[PDB]
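> Here is the sequence, then the experimental structure:
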Amino acid sequence: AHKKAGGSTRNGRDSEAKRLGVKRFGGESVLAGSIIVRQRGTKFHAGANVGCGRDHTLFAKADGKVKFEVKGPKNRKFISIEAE
Amino acid sequence: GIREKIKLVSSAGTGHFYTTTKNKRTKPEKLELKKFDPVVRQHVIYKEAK
Amino acid sequence: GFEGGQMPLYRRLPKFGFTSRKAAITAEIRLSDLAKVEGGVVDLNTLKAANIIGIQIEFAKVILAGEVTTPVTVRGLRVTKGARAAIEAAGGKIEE
Amino acid sequence: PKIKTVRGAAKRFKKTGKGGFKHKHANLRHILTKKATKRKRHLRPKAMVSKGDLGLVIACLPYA
RNA sequence: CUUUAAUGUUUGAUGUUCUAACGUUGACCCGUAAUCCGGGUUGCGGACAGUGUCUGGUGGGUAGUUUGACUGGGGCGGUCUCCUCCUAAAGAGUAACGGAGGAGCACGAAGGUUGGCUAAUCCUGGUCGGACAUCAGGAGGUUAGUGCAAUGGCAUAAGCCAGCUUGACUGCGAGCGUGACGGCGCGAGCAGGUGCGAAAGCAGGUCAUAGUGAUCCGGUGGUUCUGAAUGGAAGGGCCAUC
RNA sequence: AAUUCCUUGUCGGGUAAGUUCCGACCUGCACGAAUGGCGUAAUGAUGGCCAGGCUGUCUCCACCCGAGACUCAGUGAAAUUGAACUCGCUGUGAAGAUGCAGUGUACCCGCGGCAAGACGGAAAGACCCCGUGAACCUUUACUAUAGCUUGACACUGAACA
RNA sequence: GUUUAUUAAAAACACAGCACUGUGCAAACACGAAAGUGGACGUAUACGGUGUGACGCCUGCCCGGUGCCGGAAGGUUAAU
RNA sequence: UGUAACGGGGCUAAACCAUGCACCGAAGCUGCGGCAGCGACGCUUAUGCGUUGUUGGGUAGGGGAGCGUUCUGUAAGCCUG
RNA sequence: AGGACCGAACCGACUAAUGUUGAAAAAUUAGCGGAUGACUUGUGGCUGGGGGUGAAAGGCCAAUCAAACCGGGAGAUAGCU
RNA sequence: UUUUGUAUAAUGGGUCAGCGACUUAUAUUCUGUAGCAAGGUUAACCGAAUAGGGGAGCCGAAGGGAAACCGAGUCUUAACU
RNA sequence: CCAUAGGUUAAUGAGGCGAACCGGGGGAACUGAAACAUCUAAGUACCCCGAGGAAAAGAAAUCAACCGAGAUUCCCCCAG
Ligand SMILES: [Mg+2]
Ligand SMILES: [Mg+2]
Ligand SMILES: [Mg+2]
Ligand SMILES: [Mg+2]
Ligand SMILES: [Mg+2]
Ligand SMILES: [Mg+2]
Ligand SMILES: [Mg+2]
Ligand SMILES: [Mg+2]
Ligand SMILES: [Mg+2]
Ligand SMILES: [Mg+2]
Ligand SMILES: [Mg+2]
Ligand SMILES: [Mg+2]
Ligand SMILES: [Mg+2]
Ligand SMILES: [Mg+2]
Ligand SMILES: [Mg+2]
Ligand SMILES: [Mg+2]
Ligand SMILES: [Mg+2]
Ligand SMILES: [Mg+2]
Ligand SMILES: [Mg+2]
Ligand SMILES: [Mg+2]
Ligand SMILES: [Mg+2]
Ligand SMILES: [Mg+2]
Ligand SMILES: [Mg+2]
Ligand SMILES: [Mg+2]
Ligand SMILES: [Mg+2]
Ligand SMILES: [Mg+2]
Ligand SMILES: [Mg+2]
Ligand SMILES: [Mg+2]
Ligand SMILES: [Mg+2]
Ligand SMILES: [Mg+2]
Ligand SMILES: [Mg+2]
Ligand SMILES: [Mg+2]
Ligand SMILES: [Mg+2]
Ligand SMILES: [Mg+2]
Ligand SMILES: [Mg+2]
Ligand SMILES: [Mg+2]
Ligand SMILES: [Mg+2]
Ligand SMILES: [Mg+2]
Ligand SMILES: [Mg+2]
Ligand SMILES: [Mg+2]
Ligand SMILES: [Mg+2]
Ligand SMILES: [Mg+2]
Ligand SMILES: [Mg+2]
Ligand SMILES: [Mg+2]
Ligand SMILES: [Mg+2]
Ligand SMILES: [Mg+2]
Ligand SMILES: [Mg+2]
Ligand SMILES: [Mg+2]
Ligand SMILES: [Mg+2]
Ligand SMILES: [Mg+2]
Ligand SMILES: [Mg+2]
Ligand SMILES: [Mg+2]
Ligand SMILES: [Mg+2]
Ligand SMILES: [Mg+2]
Ligand SMILES: [Mg+2]
Ligand SMILES: [Mg+2]
Ligand SMILES: [Mg+2]
Ligand SMILES: [Mg+2]
Ligand SMILES: [Mg+2]
Ligand SMILES: [Mg+2]
Ligand SMILES: [Mg+2]
Ligand SMILES: [Mg+2]
Ligand SMILES: [Mg+2]
Ligand SMILES: [Mg+2]
Ligand SMILES: [Mg+2]
Ligand SMILES: [Mg+2]
Ligand SMILES: [Mg+2]
Ligand SMILES: [Mg+2]
Ligand SMILES: [Mg+2]
Ligand SMILES: [Mg+2]
């Protein structure tokens, strides 16, 4: 014909971005309950004064200053808080 | 969507109830659970209904 | 209320409550309204003559608002506890 | 002529002391078994209209 | 009650006649100088036909309308909501009819807690038995496993097994994340009443991220609310639900 | 084939040469029996094909006769028009220039004639797309409805089996 | 013969003939809220609708679907 | 369509590669004069002045300030054969 | 005798040219068809707009027809220019 | 004028003169200004009256709750630090 | 058959026109709902009938709420 009709793709789908990542970095002063990192799995583990939610959201269990550190035999990344 | 909504009614007679789902093709027997009754503020037996 | 064609805010939210017909006939009277009444006794009829509240009013309340400085009698009007303390301090007598 | 209020909006908003508007939360009508109890408990109380939506509400409710 | 015979009422149906409503575009007389009409007589039909109200069916005969968007023009095809990865340029976010895959559930245990346990694969030896079943040892170290895609995570296991059990609790909720908004998500701690554990403690569902639908309109149960003269009631409101 | 896409199917006739024509073949994409099949004398300002005669249709135009065109006197329009002191070329640029750049050419103004351009004049493109436009038409779209038809009640009564 | 007055005169429409079908007269059917009127001052050799289209030779098989005609036992079914 | 692939003439540098100093070159900057907006400060009591710094391309659009026209009052006033 | 044949009037409109701001909002010129019939024509009447009429072309119904014209609802509506 | 972009060969205008398009009524909100001030103001109507009368009313001085109801607190809940 | 229908004469009245207002009988659609069918426009436009200087309505089988008011009509609130 004058023009050749094309096909169709089968890859159009994608899901919404979940806004994961670190919310407060090292040195941030946070209130109790502040979300530090939103995660899939425990890439960062909960240290002192830090709690882990059902979806592994790390949140502050006290007022203070955020600190990242590496601890344990496995060199895992822990998030703790110095109470200030 | 085989599982269907069912109502669990308290045996304390206060008319409060919970809702959940059950597969009835298997496990056809009634569901019984000690659950909290907000009206009498106690734990009582809830029985299958609806 | 038009939002381009999506469900407007005043239609995607649920309706709630009901309009009570007793609230229409219930009114409120401040302590300062008592002093602008002539007679020394506060009633529905006397307040309607003084024009503090409307003539359709069947129920009235005295709340702690303003300052009362004169002795006055409130008969057959519900009175809050703060207004009751204030009226007693000002020297008035309260009854039903 | 007098401005006619939107009656559907007057059945859904109520004026507060400072001039804001309160409304009942959505998503609490007919599909409630699958919803978590925490989510429904938070949807039970009344909520204030958002700053982006005050404009539409005041337009719909002239007298209020 | 399977049943017949029979008394008696009602209901219902059918057929048969009758004339007196009604029909007569049958005849004759009169208004009348009239193929209209009306009156009279007569014949025929006859409670039928026909018409009014209600009602079931049928009804492009007629009428009012609808018949989406995206789109390397439109049509055709495909797509439309949600989840995972890449594009995505080491915070977040980020388009294309870009590249690849999935979801519209499941489980009263596959949830809570306590205690206990640790794979894939290969080698060697061993009844059927062999490349590959169960067994013993060794190597190896997660190359396995996760109810279902993908990514991140998991040994203190989040993986496997058993005992007990219902916290898959009720009212809240500091603070925070994420959205234009509707809304969505996380959450210590408080109160009440529970389960497991000796106890410290843990538990407001599941390794996490899909498994979903506003409002209106109604249905169901309850309610210390309202109730159009009053007392009720209907209806409404609130709470829980469909 | 008024039907056959492939297709100028193949074979034969006609022509020096025939995608058309005529006769056959049948592989009928996708003929077919009263939305008729096949045939048919006559008829047709009907479609196609061939032949004779005839010719300026043509080879290939020539000449002639008249009406205009042309000149003079009289009368005297029209479309159109932002303004205009209104050249060629190459390039540029809303991507095809009288107008911009570079360059070349060109004394000023008429009259007869031609039509390459002024994306010339004429008609708010009719094709195409869009509008949550219109109209009219169709139907087993939706909702109705005239009509047709069903039954109950009313006009409507008597007696019997 | 007729036709798109003003770009289409035709192979289109019509036609005589053929068939199917309705219609028993206050006919079917049509125009009319109705009275009436046409059909027709006609009466099945008449009238209406539909398709085909002089004439010649003919018109084959299928009633599953939709329509139409007939049946009425049974299921379902309105107002009441 | 016509040189038509330095803009042209022309160029053996008037091309290119280095080094260096000059000069040209904009509505940029500076000088001189003027206007305006905003701020600061001083004074005056302000309803402004002065000093000082800085700003002043502009469509959609927002803000501020005016001119002019007809008519009404001031106006049986004032101008005008 | 004949919807018979040839052919004027008469009715039509097949071809070509001209004309196309025309002599003419459909004609002229040269041919062309029917021309006793289903012909043609004068006068009068009747059918009215979702209606008429139509040997059927969506044709015609006052140079207007897939729903005439005139007046009104009406300044319809126009996310368009 | 429309556009991402027009000398555009994209739209509109032959020229001149006259006319030609953000209005009016009511309601509501904000600003400025003026009066009064925990008060403000009248509408119809009366009045010869731009006066005066007329406070019927409306807005404000109290909110919370679906509501009864309570009240500088109230709702939520058995109860709230 | 009495009668009645019909016929003749006489007396009185009406007819038709007119801008708006009024009462009654019929009664749209565009439009809005960002489509459209309930709904809206709107009982509007329009058609028709009748009457008067006005018309219509009108002296509670009406409101109210345990207190009471006292026919109808119009204006301002109530109140968007
Ligand atoms: Mg794929
Ligand atoms: Mg939508
Ligand atoms: Mg008052
Ligand atoms: Mg509910
Ligand atoms: Mg007859
Ligand atoms: Mg139909
Ligand atoms: Mg239709
Ligand atoms: Mg589209
Ligand atoms: Mg393209
Ligand atoms: Mg499609
Ligand atoms: Mg990133
Ligand atoms: Mg980045
Ligand atoms: Mg699990
Ligand atoms: Mg009552
Ligand atoms: Mg071919
Ligand atoms: Mg050949
Ligand atoms: Mg052949
Ligand atoms: Mg074929
Ligand atoms: Mg047929
Ligand atoms: Mg056939
Ligand atoms: Mg034939
Ligand atoms: Mg002929
Ligand atoms: Mg001359
Ligand atoms: Mg040129
Ligand atoms: Mg050029
Ligand atoms: Mg030049
Ligand atoms: Mg030249
Ligand atoms: Mg010339
Ligand atoms: Mg030319
Ligand atoms: Mg010429
Ligand atoms: Mg040209
Ligand atoms: Mg042109
Ligand atoms: Mg649209
Ligand atoms: Mg023609
Ligand atoms: Mg003709
Ligand atoms: Mg012909
Ligand atoms: Mg035929
Ligand atoms: Mg046959
Ligand atoms: Mg059949
Ligand atoms: Mg050359
Ligand atoms: Mg300079
Ligand atoms: Mg500047
Ligand atoms: Mg400027
Ligand atoms: Mg003849
Ligand atoms: Mg003549
Ligand atoms: Mg012709
Ligand atoms: Mg001629
Ligand atoms: Mg002839
Ligand atoms: Mg002839
Ligand atoms: Mg005409
Ligand atoms: Mg019409
Ligand atoms: Mg129409
Ligand atoms: Mg017609
Ligand atoms: Mg209108
Ligand atoms: Mg208009
Ligand atoms: Mg323009
Ligand atoms: Mg454009
Ligand atoms: Mg463009
Ligand atoms: Mg330019
Ligand atoms: Mg030009
Ligand atoms: Mg131009
Ligand atoms: Mg122009
Ligand atoms: Mg003007
Ligand atoms: Mg205003
Ligand atoms: Mg003010
Ligand atoms: Mg409508
Ligand atoms: Mg409509
Ligand atoms: Mg609309
Ligand atoms: Mg619209
Ligand atoms: Mg009079």
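Right, received. Where do you want to start? Numbering: from 1, shown residues only, chains lettered A, B, ... in the order given. Ligands and ions are numbered 1, 2, ... in the order given.
> Now chain A against chain C: closest residue?
residue A:16 (18.5 Å; CB to the nearest CB). For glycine as for every other residue, the C-beta is placed from the backbone atoms N, C-alpha and C.
> Contact residues of chain D facing RNA strand J?
By CB under 7 Å from any atom of the strand, the part of chain D that sits against RNA strand J consists of D:1, D:2, D:3, D:14, D:16, D:17, D:22, D:45, D:46, D:62, D:63.
> let's see 6 Å
Within chain D, the positions lying close to RNA strand J (CB under 6 Å from any atom of the strand) are D:1, D:2, D:3, D:16, D:17, D:22, D:46, D:62.
> Which ones among those residues map onto strands?
When the residues of chain D next to RNA strand J are checked against strands (DSSP state E), the matches are residue D:22.
> Is the nearest residue to residue D:11 once chain neighbours are set aside within a helix or a strand, and which one?
By the measure of CB to CB, 6 or more residues apart in numbering or on different chains, the closest residue to residue D:11 outside its immediate chain neighbours is residue C:15, 4.6 Å from it. No secondary structure element spans residue C:15, as it lies outside all helices and strands (assigned by DSSP states H and E).
> coming back round to it: considering the residues of chain D next to RNA strand J, which is situated nearest to chain C?
Within the set of the residues of chain D next to RNA strand J, residue D:46 lies nearest chain C; the separation is 8.1 Å, counting by CB to the nearest CB.
> Check what contacts the longest helix seen in chain D and list those residues.
When chain D is parsed with DSSP state H, its longest helix is helix D:51-60. Contacts of helix D:51-60 with the rest of the structure, by CB atoms under 8 Å, 6 or more residues apart in numbering or on different chains, involve C:1, C:3, C:8, C:9, C:10, D:5, D:6, D:9, D:13, D:20, D:21, D:49.
> how about 7 Å then?
Surrounding helix D:51-60, the residues in contact under the criterion CB atoms under 7 Å, 6 or more residues apart in numbering or on different chains are C:1, C:9, C:10, D:6, D:9, D:13, D:21, D:49.
> Just the buried residues of it, please?
Buried residues in helix D:51-60, defined by neighbour count with 16 or more other CB atoms under 10 Å in any protein chain shown: D:53, D:56, D:57, D:60.
> coming back round to it: is the residue nearest to residue D:11 in contact with residue D:10, as I believe?
No: Residue C:15 is beyond contact range of residue D:10, at 9.9 Å (criterion: CB atoms under 7 Å).
> between the two, which one's more packed in?
Neighbour tally, residue C:15 and residue D:10, criterion other CB atoms under 10 Å in any protein chain shown: the higher count belongs to residue D:10, 16 against 12.
> near RNA strand E, which residues of chain C?
Residues of chain C lying near RNA strand E (CB under 6 Å from any atom of the strand): C:7, C:9, C:11, C:12, C:13, C:14, C:15, C:16, C:17, C:18, C:20, C:22.
> And the fifth one, how far from chain D?
This means residue C:13. Noted for residue C:13: a distance of 5 Å to chain D, by CB to the nearest CB, to the nearest Å.
> Ramachandran angles for that residue?
According to degrees, to the nearest 10, the main-chain angles of residue C:13 amount to phi -100, psi 150.
> didn't it look like it was pressed against residue D:27?
No: under the criterion of CB under 7 Å, residue C:13 is not in contact with residue D:27, lying 10.4 Å apart.
> who has more neighbours, these two?
With neighbours defined as other CB under 10 Å, residue C:13 and residue D:27 compare such that residue C:13 has more, 21 against 12.
> okay, which residue is most central for chain A?
residue A:38 (2.8 Å; CA atoms, centre = their mean).
> So what's the residue count around the closest residue in space to that residue that isn't next to it in sequence?
In space, not counting the residues next to it along the chain, residue A:38 is nearest to residue A:20; the distance is 4.9 Å by CB to CB, 6+ apart. Residue A:20 has 13 neighbouring residues, counting by other CB under 10 Å.
> Kindly indicate which of the residues of chain D next to RNA strand J lies nearest residue B:7.
Among the residues of chain D next to RNA strand J, residue D:46 lies closest to residue B:7 (CB to CB), at 28.0 Å.
> thinking the closest one is in contact with residue D:21, fair?
No: if you go by CB under 7 Å, residue D:46 and residue D:21 don't touch, sitting 10.2 Å apart.
> Would you mind telling me which of these two has more residues around it?
With other CB under 10 Å as the criterion, residue D:46 and residue D:21 differ in neighbour count, and residue D:21 comes out ahead with 21 against 12.
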